[PDB]
Amino acid sequence: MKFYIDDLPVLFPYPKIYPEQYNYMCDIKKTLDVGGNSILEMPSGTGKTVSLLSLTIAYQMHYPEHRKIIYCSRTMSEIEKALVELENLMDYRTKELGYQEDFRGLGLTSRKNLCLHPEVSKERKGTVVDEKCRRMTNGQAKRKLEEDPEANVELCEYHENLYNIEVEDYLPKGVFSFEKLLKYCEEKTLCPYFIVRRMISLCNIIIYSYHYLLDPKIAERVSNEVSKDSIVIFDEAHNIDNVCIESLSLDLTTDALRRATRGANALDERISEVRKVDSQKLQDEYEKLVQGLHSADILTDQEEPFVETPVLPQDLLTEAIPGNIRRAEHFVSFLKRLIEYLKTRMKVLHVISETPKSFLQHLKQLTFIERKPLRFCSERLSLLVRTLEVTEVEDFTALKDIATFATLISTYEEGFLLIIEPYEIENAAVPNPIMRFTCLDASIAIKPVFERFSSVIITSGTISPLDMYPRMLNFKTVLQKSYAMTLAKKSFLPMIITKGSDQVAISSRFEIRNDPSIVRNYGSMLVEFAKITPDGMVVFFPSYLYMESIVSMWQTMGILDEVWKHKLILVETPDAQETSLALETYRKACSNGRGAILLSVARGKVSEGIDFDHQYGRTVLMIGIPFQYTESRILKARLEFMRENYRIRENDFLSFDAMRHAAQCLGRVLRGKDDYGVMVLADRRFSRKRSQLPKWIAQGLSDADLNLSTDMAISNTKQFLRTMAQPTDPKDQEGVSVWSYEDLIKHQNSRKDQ
Amino acid sequence: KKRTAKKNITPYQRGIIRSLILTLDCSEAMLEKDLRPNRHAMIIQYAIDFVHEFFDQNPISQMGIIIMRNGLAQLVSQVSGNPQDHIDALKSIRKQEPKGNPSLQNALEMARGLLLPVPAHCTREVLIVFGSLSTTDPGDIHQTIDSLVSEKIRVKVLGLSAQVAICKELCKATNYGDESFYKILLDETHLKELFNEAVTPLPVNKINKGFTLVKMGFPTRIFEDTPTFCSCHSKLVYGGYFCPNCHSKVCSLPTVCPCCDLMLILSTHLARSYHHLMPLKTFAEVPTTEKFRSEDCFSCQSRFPXXXXXXXXXXXXXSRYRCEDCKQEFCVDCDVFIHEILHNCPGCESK
Ligand code: SF4
Ligand SMILES: [Zn+2]
Ligand SMILES: [Zn+2]
Ligand SMILES: [Zn+2]
Ligand SMILES: [Zn+2]
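For each chain, numbering begins from 1 and proceeds through the sequence as written. The entry may number the same residues differently, and residues missing coordinates are not shown. Written order decides the labels, with chains lettered from A and ligands numbered from 1. Note that the chains on view sit within a larger assembly, with every value limited to the chains on view. Derived side-chain values reflect all non-hydrogen atoms in the structure, with water molecules and hydrogen atoms excluded from consideration. Residues with missing side-chain atoms are left out of burial classes, side-chain pairs and their counts.

As deposited, the entry is annotated with cryo-EM as its determination method and 7.6 Å as its resolution.

1. What about the overall build of chain B?
Looking only at helices and strands, chain B has 10 helices and 10 strands in total. Dimensions of chain B along its principal axes, counting C-alpha atoms only, are 65 × 55 × 40 Å. Taking contacts inside chain B between residues at least 6 apart in sequence as the whole, the part at least 24 apart equals 67%. For the purposes of this entry, the term helix denotes a DSSP run of H or I that reaches at least four residues, the term strand denotes a run of E that reaches at least two, and both are numbered from the N terminus. Only heavy atoms matter for contacts: two residues are in contact if any of them lie within 4.5 Å across the pair.

2. Quick look at the sheet that holds strand 7 (residues 230-235) of chain A
All names here are of chain A. Reading across the sheet, the six strands line up as 3-12-7-4-6-5 and stay open at both edges, with parallel pairing between neighbours. Here the strands that pair on one side only, and so sit at the sheet edges, are strand 3 (40-41) and strand 5 (105-106). Relative to strand 6 (residues 205-208), strand 5 runs parallel, the two sharing two bridges. In the strand pairing of strand 6, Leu106 is matched with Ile206. For two strands to be treated as a pair, DSSP must find at least two bridges joining them.

3. A short note on the side chain of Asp235(A)
Assignment of secondary structure puts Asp235(A) in strand 7. In this structure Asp235(A) is buried but unpaired, with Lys48(A) as the nearest side chain of opposite charge at 4.1 Å. The buried label goes to any residue with under 20% of its type's maximum accessible area, the exposed label to any with over 50%, and the partly exposed label to all in between, with areas taken from a 1.4 Å probe on protein chains only. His residues and chain termini do not enter the charge count, which takes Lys and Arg as positive and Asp and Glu as negative. When a carboxyl oxygen of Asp or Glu is within 4 Å of a side-chain nitrogen of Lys or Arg, the pair counts as a salt bridge.

4. Considering the site of ligand 1
Residues and elements named next belong to chain A. We call a residue near a molecule or strand when any one of its heavy atoms sits within 4 Å of it. Taken together, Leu114, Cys115, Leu116, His117, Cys133, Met136, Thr137, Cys156, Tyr158, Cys191, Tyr193 and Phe194 make up the full set of residues adjacent to ligand 1. The set of elements that each furnish at least two residues to the shell around ligand 1 consists of helix 6 (126-136) and helix 10 (192-199). Among the residues making up the shell around ligand 1, the classes are represented as 10 nonpolar, two polar and no charged. Ten residue types, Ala, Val, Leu, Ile, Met, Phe, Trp, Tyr, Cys and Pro, are classed as nonpolar, four, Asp, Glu, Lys and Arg, as charged, and the remainder, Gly among them, as polar.

5. Let's talk about the environment of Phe298(B)
Residue and element names in this part refer to chain B. Topologically, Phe298 is positioned in the loop between strand 9 (284-285) and strand 10 (321-322). For the pair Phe298 and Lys183, spaced 115 residues apart in sequence, the C-alpha to C-alpha distance is 37 Å. Apart from residues lying up to four places away in sequence, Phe298 is in contact with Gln328, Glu329 and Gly347.

6. A word on the interface of chain B and chain A
Between chain B and chain A, the residue contacts involve 18 residues of the former and 20 residues of the latter. Together, the buried faces of chain B and chain A total about 1,400 Å²; carbon and sulfur atoms form 51% of this surface. Here the buried area means the combined drop in accessible surface, using a 1.4 Å probe, for two parts upon being joined, counting both sides. When the area that chain B buries against chain A is broken down by residue, the three leading residues are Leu133(B), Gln163(B) and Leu186(B), summing to 33%. Think of a polar contact as two N or O atoms within 3.5 Å of one another; within protein, one of them needs to be a possible hydrogen donor and the other a possible acceptor, and neighboring residues in sequence only count if both atoms come from side chains. Linking chain B with chain A are four residue pairs in polar contact.

7. Some details on the coordination of the zinc ion (ligand 4)
Residues and elements named next belong to chain B. With water excluded from the atoms, a metal site may look incomplete; its donors are any N, O or S atoms within 2.8 Å, or within 3.2 Å for Na, K and Ca. Coordination of the zinc ion (ligand 4) by the protein is provided by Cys297 (SG), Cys300 (SG), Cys331 (SG) and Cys334 (SG), with metal-donor distances spanning 2.0 to 2.2 Å. If you look at the zinc ion (ligand 4), its four donor atoms make angles of 85 to 138 degrees with each other, and the shape they trace is irregular. Sequence positions of the donors to the zinc ion (ligand 4) reduce to the motif C-x2-C-x30-C-x2-C. You can see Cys297 sitting in the loop between strand 9 and strand 10 and its partner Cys334 sitting in helix 9 (residues 332-340), a full 37 residues away along the chain. Note on accessibility: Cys297 and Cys334 belong to one class, buried. Working rule for geometry: tetrahedral if four donors all subtend angles between 85 and 135 degrees; square planar for four, octahedral for six, if opposite donors exceed 155 degrees and the others stay between 65 and 115; irregular in every other situation.

8. Details of the coordination of the zinc ion (ligand 2)
When a metal holds four donors in a tetrahedron, each ideal angle between them is 109.5 degrees; when it holds six in an octahedron, the ideal angles are 90 or 180 degrees. Residues and elements named next belong to chain B. Coordination sphere of the zinc ion (ligand 2), protein contribution only: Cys230 (SG), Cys232 (SG), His233 (ND1) and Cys251 (SG), at 2.2 to 2.8 Å. Its four donor atoms give the zinc ion (ligand 2) angles of 88 to 139 degrees at the centre, a pattern that matches the irregular case. One chain supplies every donor for the zinc ion (ligand 2), spaced along it as C-x1-C-H-x17-C. Here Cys232, found in the loop between helix 7 (188-199) and strand 7 (241-242), pairs with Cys251, found in the loop between strand 8 (249-250) and helix 8 (268-275); they are 19 residues apart in sequence, far enough to count as distant. The exposure class of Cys232 is partly exposed, given its relative accessible area of 31%.

Put into structure tokens, the structure is as follows:
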């Protein structure tokens with residue numbers, strides 16, 4: 001297609017469209033012309049990706065003002081799906097128009113997923129990979145290597161070829177997705193990490209995780225070019241406040257405090273050996289403190305900066321000396337002040353939560369140490385570490401964490417909350433004290449990014465209500481519309497199984513353990529699907545520990561045996577790699593003959609980044625509802641601040657976020673308008689909150705689908721899939737709900753200009 | 001109110017000499033209580049129906065039959081050109097009962113082994129019949145699919161009330177990409193119609209492969225009655241056919257020669273194929289008030305068609321579905337029976 005929105009040609013890579021898509025493009029452009037936030041709903045059943053990217057390229061190429069676009073996905077996988085998607089958009093755009101592209105838009109995740117060095121790649125923990133690519137390609141490594149040629153120092157050499165060819169120019173022309181980017185860089189034996197990091201100043205669009213825009217320790221290197229007048233989208237931004245309050249989170253436990261004693265004693269050792277051997281450069285750095293924050297080499301560090309910035313992007317900062325801490329030995333002294341004051345705060349008999357300032361004044365009474373010097377903990381630590389040109393960091397992971405800790409607590413107040421639980425009750429009456437601390441206001445963390453940028457776009461495949469977020473994140477929006485799925489055919493049966501066979505009102509909220517009434521209820525429901533359902537079926541659970549009790553006692557039942565006769569079980573497991581291997585094997589089996597089943601937490605990690613086609617997804621089941629106050633009171637005080645700050649009480653938000661995770665896991669099954677399947681919920685409570693379910697989803701919920709029995713539901717899906725396999729394709733009824741190529745869009749809309 | 005094939009493409013070349021192999025699944029799946037007697041016995045029933053249907057309409061083709069049970073697949077009929085072998089095989093099966101589950105791979109591979117001696121003019125198609133929700137493979141699947149469609153064998157499958165996209169993908173492979181062959185059902189009338197269309201030779205947009213001649217001759221009926229003697233069953237044959245060159249006696253059959261191995265039919269079978277060579281333009285229902293033809297049927301004589309305005313009823317179906325190239329009438333039963341049994345358009349044959 002090459003059509004218009006009255007102002008811009010649109011090179012839609014599909015001859016086909018859906019009317020909802022034109023609704024989407026119209027309202028999103030109407031926004032962009034007046035740059036704003038304008039919370040919206042776009043169903044993932046249609047791939048809004050293409051709508052987004054097509055309109056964005058049209059707008060950026062067409063209007064000459066915003067040459068830069070920001071598209072924040074949640075995860076790297078969303079990014080790469082969008083990457084190949086945009087690649088198709090770009091190839092079609094070239095095919096239709098010849099070559100007008102001159103276009104370079106790239107994503108970036110980390111060395112952990114991008115370290116082309118093999119030895120580093122064989123490691124598993126991303127922190128050690130980060131430090132190791134540092135050391136391997138360090139602004140220091142190169143020097144001591146070059147004045148002193150020795151086998152002590154090495155490099156990926158990927159940074160070398162980067163320096164050589166890459167850092168004068170850019171990639172040839174391509175939108176090199178992780179596939180294409182990694183292939184091409186390997187063919188050029190390059191370091192894709194540093195490639196994108198340097199490339200940042202030229203890409204016409206950019207993509208990355210939310211975190212790179214959210215964690216100021218990494219959301220720091222943003223340039224104005226990438227910031228000033230870019231255009232910013234968020235997709236699947238529904239589960240964002242988790243990331244916000246996580247980015248402003250810090251829990252503790254004193255085994256790390258022993259590790260930090262180890263590190264800080266080691267720092268006593270390093271200061272001793274260097275100062276005896278030479279303190280002269282240390283005094284050079286003393287005068288470098290005396291001149292101030294030392295941006296001369298505290299920020300002018302092409303590879304040096306050791307400790308990243310837990311604080312918001314340098315906004316909550318000053319530049320003076322930390323007073324007496326000019327002496328690095330005074331520095332280590334106050335390091336111990338901290339660590340072991342933390343230790344004395346570590347073993348309270350019971351739980352205690354702290355405001356930063358309350359405990360802060362407490363500490364001053366206990367130990368008269370001061371906030372403004374205290375903030376300089378992290379930066380002073382990093383600079384001293386560099387001046388020690390250190391060879392190891394593992395002893396000092398705790399030290400950088402505590403730097404982060406002290407910096408935030410000395411920095412942030414009256415929005416956050418320290419809390420000190422002397423154990424995990426989950427293994428109560430044992431020592432596992434926790435000095436957890438975190439924020440409570442996501443709008444705070446977001447506010448800098450809103451402040452920089454006007455033309456911000458929020459869109460998730462779950463968002464409801466479109467007002468909760470304006471409350472929580474306290475922001476202005478304009479066009480808050482939800483797009484009801486215009487379809488002339490059912491194509492999805494959500495149903496609320498409140499009644500099992502025995503019609504027992506069901507839930508997991510009774511408890512985290514067994515009650516063979518509901519147990520066999522759910523076993524019967526499961527196995528009856530297991531027979532009737534074809535390949536591809538995953539049900540989601542409130543909690544891994546709850547699902548674990550249930551699954552163990554169901555292995556105790558024969559309830560596993562019949563599904564083992566028919567289909568393939570896949571279960572969830574805490575290990576990321578083996579979870580993923582289960583995932584891919586599931587996919588291969590279901591696309592193959594033998595049907596495969598996964599089952600999982602609505603909070604589960606796959607439900608974050610993995611979508612489901614027709615094959616892998618047919619029948620999803622939300623057993624109970626994803627609540628959490630099984631777990632701790634951090635959410636209790638979270639709600640406390642909520643109520644005293646937001647006009648939202650506990651149950652309201654518990655329901656809100658539980659149904660958020662619900663619809664979040666729901667959305668996967670659907671790919672395109674040849675997509676379909678089952679959606680079942682299994683608990684009583686889903687009737688009251690029928691209206692909190694997103695627009696199209698609620699449309700698929702007729703009240704006649706409420707509190708069905710499980711046997712009638714078995715019948716429902718029986719006839720449902722009987723229909724679904726059938727090619728009821730009049731294609732004369734598809735024009736109105738697909739708006740066939742170049743005409744029904746043109747016809748209706750150019751007429752619909754009424 | 002019509003649901004009609006708009007373009008009945010048939011004037012070309014369909015698959016005539018089809019080496020058809022129905023495959024059966026006799027598993028615990030075929031037991032289950034969703035069909036009136038069962039899936040299983042009903043399937044045996046409609047399979048017998050298809051034996052008769054096929055060997056009638058494709059009276060020059062061959063067949064072997066295979067079932068699947070207990071994670072294993074089981075042939076029930078050698079490649080046979082006598083229907084009754086298949087018929088009594090099906091009988092012998094119906095009384096045997098299903099067990100276990102289908103080892104789809106083994107059935108595919110057994111069929112693969114079977115249709116190899118089929119020459120070019122003899123074409124290769126298998127016929128799945130599926131009602132299970134899973135398979136049991138011992139050999140790599142898409143491996144064998146590659147082998148299969150690399151050896152030019154499209155397959156038509158008839159699954160029960162589900163969908164299994166491996167079936168659609170494998171068919172699309174076997175059917176040169178284009179797919180219509182994963183027909184599954186929702187009703188038993190639906191089931192038999194599925195069969196009846198499975199009977200006909202199947203074109204899509206043919207890959208222009210080798211068009212090879214086929215040579216044969218024709219035998220002749222015998223005269224002596226007492227002279228009973230046979231060379232195809234070695235039994236008593238009171239009178240029958242006589243190979244055109246090998247001049248052996250053959251008990252009544254359209255088979256290939258059992259001495260010099262050449263095909264033997266009379267002509268009738270060619271004529272059935274021709275009935276499948278140029279089928280006709282569909283009888284268009286004449287426009288309601290603009291038709292105004294003679295008020296009866298031509299092919300038959302059916303004076304009913306309208307009541308001349310009863311506001312609603314007569315203004316409904318001015319039913320004069322009359323031919324296209326001949327424009328000569330034929331009533332609804334006449335249209336159905338012409339197009340069904342004797343396509344034989346007399347009005348078009350008339351001139
Ligand atoms: S950026 Fe270069 S040095 Fe660092 S991990 Fe990647 S390949 Fe290795
Ligand atoms: Zn004989
Ligand atoms: Zn002969
Ligand atoms: Zn008639
Ligand atoms: Zn005619």
